[PDB]
file query.tsv (TSV, C-alpha atoms)
chain	number	residue	atom	x	y	z
A	10	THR	CA	17.82	-15.23	2.34
A	11	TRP	CA	17.20	-12.88	5.22
A	12	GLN	CA	20.43	-11.90	6.92
A	13	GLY	CA	21.77	-8.96	8.86
A	14	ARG	CA	23.67	-7.77	11.90
A	15	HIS	CA	24.25	-10.11	14.86
A	16	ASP	CA	25.08	-8.91	18.37
A	17	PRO	CA	25.81	-12.09	20.36
A	18	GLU	CA	26.45	-10.08	23.53
A	19	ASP	CA	22.71	-9.34	23.55
A	20	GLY	CA	21.44	-12.90	23.26
A	21	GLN	CA	17.82	-13.53	22.27
A	22	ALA	CA	16.98	-9.91	23.11
A	23	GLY	CA	18.97	-8.66	20.11
A	24	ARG	CA	16.15	-9.73	17.77
A	25	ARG	CA	15.99	-8.21	14.30
A	26	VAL	CA	13.70	-8.90	11.36
A	27	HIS	CA	16.13	-11.29	9.65
A	28	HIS	CA	16.18	-13.46	12.79
A	29	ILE	CA	12.49	-14.27	12.37
A	30	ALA	CA	11.85	-13.63	8.65
A	31	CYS	CA	10.85	-16.90	7.01
A	32	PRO	CA	10.82	-17.48	3.20
A	33	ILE	CA	7.90	-19.79	2.48
A	34	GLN	CA	5.34	-20.80	-0.17
A	35	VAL	CA	1.94	-19.22	0.44
A	36	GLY	CA	0.57	-22.75	0.21
A	37	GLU	CA	2.33	-23.84	3.43
A	38	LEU	CA	1.18	-20.76	5.30
A	39	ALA	CA	-1.85	-22.65	6.64
A	40	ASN	CA	0.46	-24.89	8.71
A	41	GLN	CA	2.60	-22.20	10.36
A	42	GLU	CA	2.37	-20.13	13.52
A	43	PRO	CA	0.23	-17.07	12.85
A	44	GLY	CA	2.41	-14.21	11.58
A	45	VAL	CA	2.41	-11.31	9.13
A	46	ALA	CA	2.83	-11.88	5.39
A	47	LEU	CA	5.13	-10.03	2.99
A	48	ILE	CA	4.66	-10.02	-0.80
A	49	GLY	CA	6.81	-8.44	-3.49
A	50	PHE	CA	5.46	-7.05	-6.77
A	51	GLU	CA	8.32	-6.51	-9.20
A	52	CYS	CA	6.53	-4.47	-11.81
A	53	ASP	CA	6.73	-1.07	-13.48
A	54	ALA	CA	4.92	-1.82	-16.76
A	55	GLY	CA	2.05	0.33	-15.48
A	56	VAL	CA	4.51	3.15	-14.76
A	57	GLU	CA	5.76	3.02	-18.35
A	58	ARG	CA	2.19	2.90	-19.68
A	59	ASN	CA	1.41	6.00	-17.61
A	60	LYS	CA	4.40	7.83	-19.14
A	61	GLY	CA	6.51	7.70	-15.97
A	62	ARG	CA	10.16	6.85	-15.33
A	63	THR	CA	10.69	3.08	-15.03
A	64	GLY	CA	12.82	1.35	-12.42
A	65	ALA	CA	10.38	0.44	-9.65
A	66	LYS	CA	10.43	-3.20	-10.83
A	67	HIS	CA	13.71	-3.62	-8.90
A	68	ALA	CA	12.45	-2.12	-5.63
A	69	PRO	CA	10.92	-5.10	-3.75
A	70	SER	CA	14.22	-6.80	-2.86
A	71	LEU	CA	15.95	-3.59	-1.84
A	72	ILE	CA	13.11	-2.69	0.53
A	73	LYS	CA	13.22	-6.23	1.94
A	74	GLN	CA	16.98	-5.99	2.43
A	75	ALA	CA	16.66	-2.69	4.25
A	76	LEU	CA	13.90	-4.18	6.39
A	77	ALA	CA	16.03	-7.20	7.35
A	78	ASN	CA	18.22	-5.23	9.74
A	79	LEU	CA	15.47	-3.46	11.67
A	80	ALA	CA	14.92	-4.45	15.31
A	81	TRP	CA	11.88	-6.67	15.88
A	82	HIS	CA	10.00	-6.34	19.16
A	83	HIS	CA	7.49	-9.17	18.72
A	84	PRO	CA	7.62	-12.96	19.09
A	85	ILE	CA	5.59	-13.02	15.85
A	86	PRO	CA	7.15	-14.41	12.65
A	87	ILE	CA	7.22	-12.64	9.30
A	88	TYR	CA	6.52	-14.78	6.26
A	89	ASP	CA	8.18	-13.81	3.01
A	90	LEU	CA	5.89	-15.18	0.31
A	91	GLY	CA	8.28	-14.01	-2.39
A	92	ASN	CA	7.88	-11.72	-5.41
A	93	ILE	CA	5.56	-11.76	-8.43
A	94	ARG	CA	7.59	-10.47	-11.38
A	95	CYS	CA	5.88	-8.78	-14.32
A	96	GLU	CA	7.11	-10.00	-17.68
A	97	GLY	CA	7.30	-7.38	-20.40
A	98	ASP	CA	4.03	-5.50	-20.78
A	99	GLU	CA	1.92	-8.33	-19.30
A	100	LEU	CA	0.65	-6.00	-16.57
A	101	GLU	CA	-2.86	-7.42	-16.21
A	102	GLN	CA	-1.68	-11.01	-15.79
A	103	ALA	CA	0.99	-9.93	-13.31
A	104	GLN	CA	-1.63	-8.12	-11.23
A	105	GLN	CA	-3.86	-11.20	-11.04
A	106	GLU	CA	-0.93	-13.50	-10.30
A	107	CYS	CA	-0.13	-11.25	-7.33
A	108	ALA	CA	-3.82	-11.14	-6.36
A	109	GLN	CA	-3.71	-14.96	-6.28
A	110	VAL	CA	-1.02	-15.03	-3.57
A	111	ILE	CA	-2.84	-12.38	-1.54
A	112	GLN	CA	-6.12	-14.33	-1.68
A	113	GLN	CA	-4.45	-17.50	-0.35
A	114	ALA	CA	-2.54	-15.62	2.33
A	115	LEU	CA	-5.34	-13.47	3.75
A	116	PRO	CA	-7.10	-16.30	5.60
A	117	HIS	CA	-3.93	-16.88	7.67
A	118	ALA	CA	-2.22	-13.50	7.84
A	119	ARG	CA	-2.67	-9.84	6.97
A	120	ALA	CA	-0.22	-8.79	4.24
A	121	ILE	CA	2.01	-5.99	3.07
A	122	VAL	CA	2.70	-5.79	-0.66
A	123	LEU	CA	5.90	-4.01	-1.71
A	124	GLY	CA	6.05	-3.20	-5.32
A	125	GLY	CA	7.07	-1.22	-8.26
A	126	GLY	CA	4.45	1.21	-9.53
A	127	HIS	CA	1.13	2.14	-7.99
A	128	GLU	CA	-0.40	-0.30	-10.51
A	129	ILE	CA	0.15	-2.59	-7.52
A	130	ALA	CA	-3.11	-1.20	-6.05
A	131	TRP	CA	-5.26	-3.13	-8.54
A	132	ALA	CA	-3.42	-6.32	-7.58
A	133	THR	CA	-3.85	-5.68	-3.85
A	134	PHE	CA	-7.51	-4.79	-4.09
A	135	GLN	CA	-8.31	-7.82	-6.26
A	136	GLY	CA	-6.59	-10.10	-3.76
A	137	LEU	CA	-8.60	-8.51	-0.94
A	138	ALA	CA	-11.89	-8.59	-2.85
A	139	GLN	CA	-11.46	-12.18	-4.04
A	140	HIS	CA	-10.71	-13.20	-0.46
A	141	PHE	CA	-14.00	-11.73	0.71
A	142	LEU	CA	-16.06	-13.36	-2.05
A	143	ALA	CA	-14.37	-16.71	-1.39
A	144	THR	CA	-15.05	-16.51	2.35
A	145	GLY	CA	-18.68	-15.45	2.44
A	146	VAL	CA	-18.27	-11.73	3.13
A	147	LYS	CA	-21.08	-10.67	0.79
A	148	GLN	CA	-20.98	-6.89	0.92
A	149	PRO	CA	-17.76	-5.74	2.63
A	150	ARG	CA	-17.37	-2.08	3.55
A	151	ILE	CA	-13.77	-1.47	2.56
A	152	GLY	CA	-12.08	1.83	3.29
A	153	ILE	CA	-9.30	2.53	0.81
A	154	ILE	CA	-6.87	5.13	2.14
A	155	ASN	CA	-4.27	6.35	-0.31
A	156	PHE	CA	-1.41	8.75	0.49
A	157	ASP	CA	-0.53	9.97	-2.99
A	158	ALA	CA	0.21	13.25	-4.78
A	159	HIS	CA	-2.05	11.79	-7.51
A	160	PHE	CA	-5.66	10.59	-7.49
A	161	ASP	CA	-4.68	7.77	-9.84
A	162	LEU	CA	-8.30	7.70	-10.96
A	163	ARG	CA	-7.39	7.83	-14.66
A	164	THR	CA	-9.59	6.22	-17.32
A	165	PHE	CA	-8.44	2.75	-18.45
A	166	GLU	CA	-11.14	2.01	-21.04
A	167	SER	CA	-12.27	4.83	-23.31
A	168	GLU	CA	-13.87	5.08	-26.75
A	169	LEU	CA	-12.25	8.55	-27.06
A	170	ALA	CA	-8.58	7.53	-26.96
A	171	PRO	CA	-6.47	4.33	-26.80
A	172	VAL	CA	-5.98	3.93	-23.03
A	173	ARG	CA	-5.21	0.89	-20.85
A	174	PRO	CA	-4.86	0.06	-17.16
A	175	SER	CA	-1.68	1.64	-15.72
A	176	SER	CA	-0.08	3.12	-12.62
A	177	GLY	CA	-2.58	5.98	-12.85
A	178	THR	CA	-5.84	4.02	-13.24
A	179	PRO	CA	-5.87	1.55	-10.28
A	180	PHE	CA	-8.50	3.37	-8.24
A	181	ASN	CA	-10.81	3.97	-11.18
A	182	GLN	CA	-10.67	0.21	-11.82
A	183	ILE	CA	-11.44	-0.39	-8.16
A	184	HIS	CA	-14.52	1.83	-8.37
A	185	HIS	CA	-15.64	-0.01	-11.51
A	186	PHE	CA	-15.30	-3.34	-9.74
A	187	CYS	CA	-17.27	-2.10	-6.72
A	188	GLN	CA	-20.10	-0.73	-8.86
A	189	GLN	CA	-20.77	-4.11	-10.48
A	190	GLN	CA	-20.59	-6.06	-7.20
A	191	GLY	CA	-22.97	-3.63	-5.53
A	192	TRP	CA	-20.27	-2.61	-3.04
A	193	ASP	CA	-19.55	0.91	-1.82
A	194	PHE	CA	-16.48	2.68	-3.16
A	195	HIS	CA	-15.06	4.26	0.02
A	196	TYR	CA	-11.90	6.07	-1.18
A	197	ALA	CA	-9.67	8.66	0.55
A	198	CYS	CA	-6.80	10.38	-1.27
A	199	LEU	CA	-4.57	12.30	1.12
A	200	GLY	CA	-1.84	14.70	0.07
A	201	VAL	CA	-3.08	15.26	-3.46
A	202	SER	CA	-1.35	18.02	-5.47
A	203	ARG	CA	-3.69	20.29	-7.42
A	204	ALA	CA	-0.69	21.10	-9.64
A	205	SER	CA	-0.27	17.40	-10.43
A	206	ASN	CA	-3.91	16.63	-11.24
A	207	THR	CA	-5.83	18.27	-14.06
A	208	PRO	CA	-9.42	19.55	-13.66
A	209	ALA	CA	-10.65	16.27	-15.20
A	210	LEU	CA	-9.29	14.18	-12.33
A	211	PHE	CA	-10.76	16.44	-9.64
A	212	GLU	CA	-14.13	16.28	-11.45
A	213	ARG	CA	-13.92	12.46	-11.51
A	214	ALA	CA	-13.02	12.43	-7.79
A	215	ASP	CA	-15.99	14.60	-6.82
A	216	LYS	CA	-18.28	12.57	-9.05
A	217	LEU	CA	-17.25	9.35	-7.25
A	218	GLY	CA	-17.56	10.95	-3.80
A	219	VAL	CA	-13.88	10.71	-2.98
A	220	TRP	CA	-12.67	12.39	0.20
A	221	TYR	CA	-9.38	14.15	-0.46
A	222	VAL	CA	-7.07	16.52	1.36
A	223	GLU	CA	-4.68	18.59	-0.78
A	224	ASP	CA	-1.01	18.77	0.14
A	225	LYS	CA	-1.30	22.43	1.15
A	226	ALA	CA	-4.19	21.65	3.50
A	227	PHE	CA	-1.95	19.77	5.97
A	228	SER	CA	-0.74	21.91	8.88
A	229	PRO	CA	-0.66	21.82	12.70
A	230	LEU	CA	-3.73	24.08	12.68
A	231	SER	CA	-5.89	21.90	10.41
A	232	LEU	CA	-5.08	18.64	12.17
A	233	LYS	CA	-8.29	18.80	14.23
A	234	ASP	CA	-10.37	19.20	11.07
A	235	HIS	CA	-8.72	16.47	9.03
A	236	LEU	CA	-8.27	13.87	11.77
A	237	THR	CA	-12.00	14.20	12.45
A	238	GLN	CA	-12.69	13.70	8.74
A	239	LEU	CA	-10.35	10.70	8.82
A	240	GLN	CA	-12.16	9.35	11.86
A	241	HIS	CA	-15.53	9.55	10.15
A	242	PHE	CA	-14.09	7.90	7.04
A	243	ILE	CA	-12.85	5.05	9.26
A	244	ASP	CA	-16.18	4.87	11.13
A	245	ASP	CA	-17.97	4.06	7.89
A	246	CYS	CA	-16.15	0.87	6.97
A	247	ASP	CA	-15.36	-2.54	8.41
A	248	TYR	CA	-12.05	-3.16	6.68
A	249	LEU	CA	-9.17	-0.89	5.79
A	250	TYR	CA	-6.74	-1.07	2.87
A	251	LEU	CA	-3.76	1.27	3.31
A	252	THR	CA	-1.84	2.23	0.20
A	253	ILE	CA	1.15	4.57	0.22
A	254	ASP	CA	2.61	6.12	-2.93
A	255	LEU	CA	6.14	7.30	-2.04
A	256	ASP	CA	5.64	10.25	-4.40
A	257	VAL	CA	3.41	11.82	-1.75
A	258	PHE	CA	6.54	12.76	0.24
A	259	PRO	CA	8.79	15.80	-0.49
A	260	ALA	CA	11.41	15.02	-3.17
A	261	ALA	CA	14.09	15.48	-0.52
A	262	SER	CA	12.69	12.64	1.61
A	263	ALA	CA	11.76	10.29	-1.27
A	264	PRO	CA	14.08	11.09	-4.21
A	265	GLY	CA	13.94	7.56	-5.58
A	266	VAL	CA	10.58	7.70	-7.40
A	267	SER	CA	9.29	8.33	-10.93
A	268	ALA	CA	7.92	11.78	-10.04
A	269	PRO	CA	9.68	13.34	-7.01
A	270	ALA	CA	7.18	15.62	-5.25
A	271	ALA	CA	7.85	19.28	-6.07
A	272	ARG	CA	6.02	20.02	-2.84
A	273	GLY	CA	4.88	16.86	-1.05
A	274	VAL	CA	3.75	16.43	2.56
A	275	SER	CA	6.45	15.70	5.13
A	276	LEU	CA	6.57	12.38	6.91
A	277	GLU	CA	6.06	14.30	10.14
A	278	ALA	CA	2.96	16.08	8.85
A	279	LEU	CA	1.50	12.74	7.74
A	280	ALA	CA	2.53	10.83	10.89
A	281	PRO	CA	-0.60	11.77	12.91
A	282	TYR	CA	-2.71	10.33	10.09
A	283	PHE	CA	-0.67	7.14	9.78
A	284	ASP	CA	-0.82	6.68	13.57
A	285	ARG	CA	-4.61	7.01	13.52
A	286	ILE	CA	-5.01	4.46	10.74
A	287	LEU	CA	-2.58	1.94	12.26
A	288	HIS	CA	-4.41	2.13	15.57
A	289	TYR	CA	-7.23	0.21	13.85
A	290	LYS	CA	-5.06	-2.89	13.53
A	291	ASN	CA	-8.28	-4.88	13.90
A	292	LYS	CA	-9.71	-3.50	10.64
A	293	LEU	CA	-6.41	-3.29	8.75
A	294	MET	CA	-6.48	-6.22	6.31
A	295	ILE	CA	-3.70	-5.27	3.92
A	296	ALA	CA	-1.34	-2.54	2.72
A	297	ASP	CA	1.18	-1.75	0.03
A	298	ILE	CA	4.06	0.68	-0.56
A	299	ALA	CA	4.34	1.92	-4.14
A	300	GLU	CA	6.66	3.74	-6.54
A	301	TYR	CA	10.13	3.26	-5.02
A	302	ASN	CA	12.47	3.64	-7.99
A	303	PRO	CA	16.04	2.60	-7.07
A	304	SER	CA	17.35	4.30	-10.21
A	305	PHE	CA	16.89	7.71	-8.62
A	306	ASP	CA	17.54	6.92	-4.97
A	307	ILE	CA	20.39	8.59	-3.05
A	308	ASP	CA	22.52	6.39	-0.78
A	309	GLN	CA	19.44	4.16	-0.36
A	310	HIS	CA	17.49	6.93	1.41
A	311	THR	CA	14.16	6.01	-0.17
A	312	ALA	CA	14.72	2.27	0.35
A	313	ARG	CA	15.18	2.77	4.09
A	314	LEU	CA	12.24	5.15	4.27
A	315	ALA	CA	10.07	2.52	2.61
A	316	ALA	CA	11.40	-0.13	5.00
A	317	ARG	CA	10.58	1.96	8.07
A	318	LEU	CA	7.01	2.48	6.83
A	319	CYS	CA	6.68	-1.24	6.03
A	320	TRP	CA	7.97	-1.93	9.55
A	321	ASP	CA	5.42	0.46	11.10
A	322	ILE	CA	2.59	-1.40	9.37
A	323	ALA	CA	3.99	-4.85	10.20
A	324	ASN	CA	4.16	-3.87	13.89
A	325	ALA	CA	0.45	-3.00	13.85
A	326	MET	CA	-0.38	-6.28	12.13
A	327	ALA	CA	1.90	-8.17	14.54
A	328	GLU	CA	0.19	-6.58	17.51
A	329	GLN	CA	-3.17	-7.67	16.13
A	330	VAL	CA	-1.98	-11.28	15.91
A	331	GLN	CA	-0.91	-11.22	19.57
A	332	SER	CA	-4.08	-9.37	20.50
A	333	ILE	CA	-6.16	-12.39	19.56
call {"tool": "encode", "arguments": {"input": "query.tsv", "output": "structure tokens"}}
result
Amino acid sequence: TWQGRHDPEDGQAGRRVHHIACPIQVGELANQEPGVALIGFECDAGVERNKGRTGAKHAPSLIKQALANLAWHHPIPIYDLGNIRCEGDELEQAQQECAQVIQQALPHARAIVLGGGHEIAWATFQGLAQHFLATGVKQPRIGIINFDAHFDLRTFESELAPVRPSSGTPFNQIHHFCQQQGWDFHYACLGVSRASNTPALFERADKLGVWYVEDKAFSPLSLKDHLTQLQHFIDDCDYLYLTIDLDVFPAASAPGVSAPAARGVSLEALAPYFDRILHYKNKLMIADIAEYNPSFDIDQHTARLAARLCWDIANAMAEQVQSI
């Protein structure tokens, strides 16, 4: 149930998210007024597999609760399609189950997936990819923009060690998928920490032609350089998939995560980039917010931060709906 603060003295103008948030089955989405879809991914099995600190499986509801009380400035509804819960170490199945909801939702609304670990990215991409295949988009040019301190391009299948898909392999899996479909792997990793990624990961990134900006490269002086790079990245694709790993932010701003950023890139330093991406509300098909771990949050700081970001994206999606 979506509930929150009520200010009767304001009438219909005191509209908040809970006033227009509507829990519904993705199946009935085809019969509703066009809105923006919300999906939860309660899973941190990938986090555990990638040797991180578990807890993100409980994040979806807390982010939704925080979101419920935010003011809503659009006559557009928000459809809560529920949460896909991972059972045990059944990561792969959980990711496809989530992808299933996304695929059904995409024809009627753009979606925001709120999860546990960044393993959510494989679920989101699959949902997006399967939607394209199922709707005749033969060779989609998808721009994947990830704000993460990590490349998360780790190997998931190796005859050198016993590895498996995890919170650190999503984007490698995405590249693999693209290769076999004959699609381009257009990937941008912004805010990457060279102290958090070994030489192997940087080598893999260069090999795959990934465009990345290190945490230390963000500054008022380099904005011109990087926004232009961002612009060109955007110019070369028809669809955008925005994925935010909360561990990209300074530990002070996002304490509730598996690996609090020892350095990070401030929300304000990243804002210009977010604003540029969200301007292309036409191309923005989907997005997700990863790694919120309630177990390490402080007075719900991270939860609210995640809700504000979710809200920023929803506004862009909501404006697109009204645009058409």
call {"tool": "closest_residue", "arguments": {"input": "query.tsv", "among": "A:306, A:321, A:16, A:234", "to": "residue 286 in chain A", "atoms": "only C-alpha atoms"}}
result
A:321
call {"tool": "atom_distance", "arguments": {"input": "query.tsv", "atom1": "CA of residue 273 in chain A", "atom2": "CA of residue 257 in chain A"}}
result
5.3 Å
call {"tool": "closest_residue", "arguments": {"input": "query.tsv", "among": "A:205, A:113, A:155, A:182", "to": "residue 249 in chain A", "atoms": "all atoms listed in the file"}}
result
A:155
call {"tool": "closest_residue", "arguments": {"input": "query.tsv", "among": "A:220, A:320, A:282, A:301", "to": "residue 233 in chain A", "atoms": "all atoms listed in the file"}}
result
A:282
call {"tool": "atom_distance", "arguments": {"input": "query.tsv", "atom1": "CA of residue 36 in chain A", "atom2": "CA of residue 50 in chain A"}}
result
17.9 Å
call {"tool": "residues_around", "arguments": {"input": "query.tsv", "residues": "range 326-332 of chain A", "least_positions_apart": "2", "cutoff": "12 Å", "atoms": "all atoms listed in the file", "output": "number ranges by chain"}}
result
A: 42-47, 81-88, 117-121, 286-296, 319-324
call {"tool": "residues_around", "arguments": {"input": "query.tsv", "residues": "residue 226 in chain A", "least_positions_apart": "4", "cutoff": "10 Å", "atoms": "all atoms listed in the file", "output": "PyMOL selection string"}}
result
chain A and resi 199-201+221-222+230-232+235+274
call {"tool": "build_atoms", "arguments": {"input": "query.tsv", "residues": "range 284-302 of chain A", "atoms": "N, CA and C atoms", "output": "mmCIF file, in the coordinates of the input"}}
result
data_model
loop_
_atom_site.group_PDB
_atom_site.id
_atom_site.type_symbol
_atom_site.label_atom_id
_atom_site.label_comp_id
_atom_site.auth_asym_id
_atom_site.auth_seq_id
_atom_site.Cartn_x
_atom_site.Cartn_y
_atom_site.Cartn_z
ATOM 1 N N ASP A 284 -0.590 7.185 12.223
ATOM 2 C CA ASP A 284 -0.820 6.680 13.570
ATOM 3 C C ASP A 284 -2.291 6.353 13.821
ATOM 4 N N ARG A 285 -3.178 7.213 13.334
ATOM 5 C CA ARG A 285 -4.610 7.010 13.520
ATOM 6 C C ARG A 285 -5.089 5.759 12.777
ATOM 7 N N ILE A 286 -4.627 5.602 11.546
ATOM 8 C CA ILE A 286 -5.010 4.460 10.740
ATOM 9 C C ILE A 286 -4.473 3.149 11.323
ATOM 10 N N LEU A 287 -3.196 3.141 11.710
ATOM 11 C CA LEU A 287 -2.580 1.940 12.260
ATOM 12 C C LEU A 287 -3.099 1.551 13.640
ATOM 13 N N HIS A 288 -3.832 2.452 14.280
ATOM 14 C CA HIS A 288 -4.410 2.130 15.570
ATOM 15 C C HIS A 288 -5.506 1.083 15.337
ATOM 16 N N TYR A 289 -6.164 1.156 14.185
ATOM 17 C CA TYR A 289 -7.230 0.210 13.850
ATOM 18 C C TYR A 289 -6.652 -1.057 13.234
ATOM 19 N N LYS A 290 -5.727 -1.671 13.969
ATOM 20 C CA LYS A 290 -5.060 -2.890 13.530
ATOM 21 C C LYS A 290 -6.047 -4.047 13.381
ATOM 22 N N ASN A 291 -7.222 -3.886 13.980
ATOM 23 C CA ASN A 291 -8.280 -4.880 13.900
ATOM 24 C C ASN A 291 -8.862 -4.867 12.481
ATOM 25 N N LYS A 292 -9.131 -3.666 11.970
ATOM 26 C CA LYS A 292 -9.710 -3.500 10.640
ATOM 27 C C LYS A 292 -8.699 -3.570 9.499
ATOM 28 N N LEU A 293 -7.433 -3.284 9.789
ATOM 29 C CA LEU A 293 -6.410 -3.290 8.750
ATOM 30 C C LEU A 293 -6.160 -4.696 8.190
ATOM 31 N N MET A 294 -6.619 -4.922 6.964
ATOM 32 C CA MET A 294 -6.480 -6.220 6.310
ATOM 33 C C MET A 294 -5.226 -6.331 5.458
ATOM 34 N N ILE A 295 -4.847 -5.231 4.820
ATOM 35 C CA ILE A 295 -3.700 -5.270 3.920
ATOM 36 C C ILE A 295 -3.164 -3.872 3.626
ATOM 37 N N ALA A 296 -1.959 -3.812 3.067
ATOM 38 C CA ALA A 296 -1.340 -2.540 2.720
ATOM 39 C C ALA A 296 -0.251 -2.743 1.699
ATOM 40 N N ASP A 297 0.096 -1.672 0.995
ATOM 41 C CA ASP A 297 1.180 -1.750 0.030
ATOM 42 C C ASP A 297 1.939 -0.423 -0.017
ATOM 43 N N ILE A 298 3.196 -0.492 -0.439
ATOM 44 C CA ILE A 298 4.060 0.680 -0.560
ATOM 45 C C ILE A 298 4.447 0.732 -2.033
ATOM 46 N N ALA A 299 4.057 1.808 -2.716
ATOM 47 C CA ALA A 299 4.340 1.920 -4.140
ATOM 48 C C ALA A 299 5.312 3.013 -4.587
ATOM 49 N N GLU A 300 5.779 2.831 -5.823
ATOM 50 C CA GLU A 300 6.660 3.740 -6.540
ATOM 51 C C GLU A 300 8.142 3.911 -6.192
ATOM 52 N N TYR A 301 8.698 3.097 -5.300
ATOM 53 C CA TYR A 301 10.130 3.260 -5.020
ATOM 54 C C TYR A 301 10.922 2.895 -6.275
ATOM 55 N N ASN A 302 11.673 3.856 -6.796
ATOM 56 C CA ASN A 302 12.470 3.640 -7.990
ATOM 57 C C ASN A 302 13.941 3.750 -7.600
#
